[PDB]
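Participant: Got a structure here, written out as structure tokens. Questions coming.
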Amino acid sequence: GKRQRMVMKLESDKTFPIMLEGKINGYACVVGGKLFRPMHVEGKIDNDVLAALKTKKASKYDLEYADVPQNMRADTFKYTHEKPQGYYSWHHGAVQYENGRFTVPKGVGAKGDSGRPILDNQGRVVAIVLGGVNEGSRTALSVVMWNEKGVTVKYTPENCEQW
Amino acid sequence: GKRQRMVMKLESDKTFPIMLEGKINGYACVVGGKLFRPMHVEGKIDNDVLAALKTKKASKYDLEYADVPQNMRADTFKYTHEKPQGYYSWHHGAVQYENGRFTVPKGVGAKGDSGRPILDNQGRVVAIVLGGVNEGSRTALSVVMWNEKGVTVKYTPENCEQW
Amino acid sequence: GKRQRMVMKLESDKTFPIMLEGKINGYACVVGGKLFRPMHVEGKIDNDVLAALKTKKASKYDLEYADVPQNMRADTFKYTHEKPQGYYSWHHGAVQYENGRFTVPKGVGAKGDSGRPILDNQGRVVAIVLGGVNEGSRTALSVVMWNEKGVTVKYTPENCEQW
Amino acid sequence: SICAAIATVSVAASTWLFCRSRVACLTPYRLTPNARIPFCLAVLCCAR
């Protein structure tokens, strides 16, 4: 109920969709002065400022990143590495964090909702949704996250389908 | 009144539009395990399953056809060859079948409504609208239909304009 | 207030926005039987009648221009050479005319604001906005206009922005 | 000719593996939004 409204209020201005002949196939992320955007989602950036840049690539970590200018670094997402197990907020409701794995209940999940960040009860991004795999009743996510040392860890289960 | 509501209830899930940079220019048809789609309507299929296939072509009969998989063959249109003369249901109201010819009263008919199937009082597809020609007050249709033997007959009046 | 509403009634009929991939970049004006389009604005005019017409270019005055078809010639704007000082109308409120300089109170005027015809106290076009600069607490504009002889005159302040 | 070809292939392949290992070092540390490089992996991989 109110969780989706809080997601729409937090991700209103900072989330920009990716257009491809009128089709919405992905979402970029503006956090820490960096613009995260995946490889398989191909299209034009809806924002005029973020589209006229050059994104350095990382095909192993499946991420394109760029440098957000200084006049927009205050209006970004927050990020942290301290995260316990339990529940977190996602755009379609809740997501479970168990044994270092993000799980989403079934019914939701198609092609197009790639790049949506995972939020917490305070308002900090803990993961970035990149893919998903159907596991019985409860699907698992293939995402990226950080740690205490500062190494971007990409978690990928078996036989995932890119969204 | 209720005829357009019955057309919208029957053609809700089985009719998929064709997109071309946000413009709706045609409609495919899923009937008999086959995906009918014309030549002159060019664009991407809005459905994700039907777009990732290969359609065999027939330029003389003006039809591209493909094989719908077995998990969707039950959710198709119905088709028959037994047709009398008189009235039939169409998306913009009624259509007259006289002397083996489909006629539509004027006022309706533009570029974009190509591929809409013609239904009957029971719910079976009897023809597929491909083109139209303005004849006095009452326009004629250039369509395809079947017969008792099983030969796809394409009926085309003189000086038609493709929609 | 009141002034903007009759301007909206005029712009709904004859001022046509351009179609960039998701947004509006500029506005084509149809005045006196001659379609006008700015150069730095790139896209497609919404009418399929006004899209097919090939435009001649005038790089000194920053405007493509083409010939209007004969049916559309009565449904055009009107143009006036004589402009006294005071207040004129515009889509975003009012515009001051002082010492031959169309100036606008600030906060309005950004990207996607190009080709909007400045109207008068009768409904005739006296200028066409191409951009402007923020002159302190009040922004001035860079318009083309007309004089008594029939000579298209462009005025542009220092370091204007192509909107 | 064959000794120059062997030496050329070996130097090119070693430089290729060096660039591959430098990318593999610096790829996890650049995707982080903090954008910091630790003390050992900065100078040893010319990260700045």
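Easy rule for this one: first residue shown is 1, then count along the chain.
If you check the header, you will see the structure was determined by electron microscopy, 3.5 Å.
Yeah, the Cβs are placed from backbone N, Cα and C, and that goes for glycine too.
Residues or ranges marked as active site, charge relay system in Swiss-Prot (evidence: sequence analysis): A:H40, A:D62, A:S114. What Swiss-Prot records for A:14-163 is domain 'Peptidase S3'. What Swiss-Prot lists as phosphoserine is A:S12. The phosphothreonine feature in Swiss-Prot is assigned to A:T15. The site 'Involved in dimerization of the capsid protein' feature in Swiss-Prot is assigned to A:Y88, A:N121.
If you look at the structure here, what lies around each of the features I listed?
Facilitator: For A:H40 (active site, charge relay system), the count of additional Cβ atoms within 10 Å of its Cβ stands at 12 [all protein chains shown].
Annotation for A:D62 (active site, charge relay system): same-chain Cβ neighbours under 8 Å, separated by at least 6 residues, are A:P38, A:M39, A:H40, A:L130, A:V144, A:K154. A:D62 (active site, charge relay system) carries neither a helix nor a strand DSSP state and counts as coil.
Annotation for A:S114 (active site, charge relay system): same-chain Cβ neighbours under 8 Å, separated by at least 6 residues, are A:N25, A:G26, A:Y27, A:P38, A:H40, A:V41, A:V129, A:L130, A:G131, A:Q162, A:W163.
DSSP assigns A:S12 (phosphoserine) to coil, not to a helix or a strand. Listed in sequence order, the residues of the same chain lying 6 or more apart from A:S12 (phosphoserine) and placing their CB within less than 8 Å of its CB: none are present.
Other Cβ atoms within 10 Å of the Cβ of A:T15 (phosphothreonine), summed over all protein chains shown, number 19.
A:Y88 (site 'Involved in dimerization of the capsid protein') falls within a strand segment according to DSSP.
In the shown protein chains, 11 other C-beta atoms lie within 10 A of the C-beta of A:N121 (site 'Involved in dimerization of the capsid protein').
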Participant: Just to verify a number: CA distance, A:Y88 (site 'Involved in dimerization of the capsid protein') to A:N121 (site 'Involved in dimerization of the capsid protein'), in angstrom, no decimals.
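Facilitator: On Cα coordinates alone, these residues lie 7 Å apart.
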Participant: If you measure A:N121 (site 'Involved in dimerization of the capsid protein') to A:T15 (phosphothreonine) at Cα, how many Å is it?
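Facilitator: Per the Cα atoms, A:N121 (site 'Involved in dimerization of the capsid protein') and A:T15 (phosphothreonine) stand 19 Å apart.
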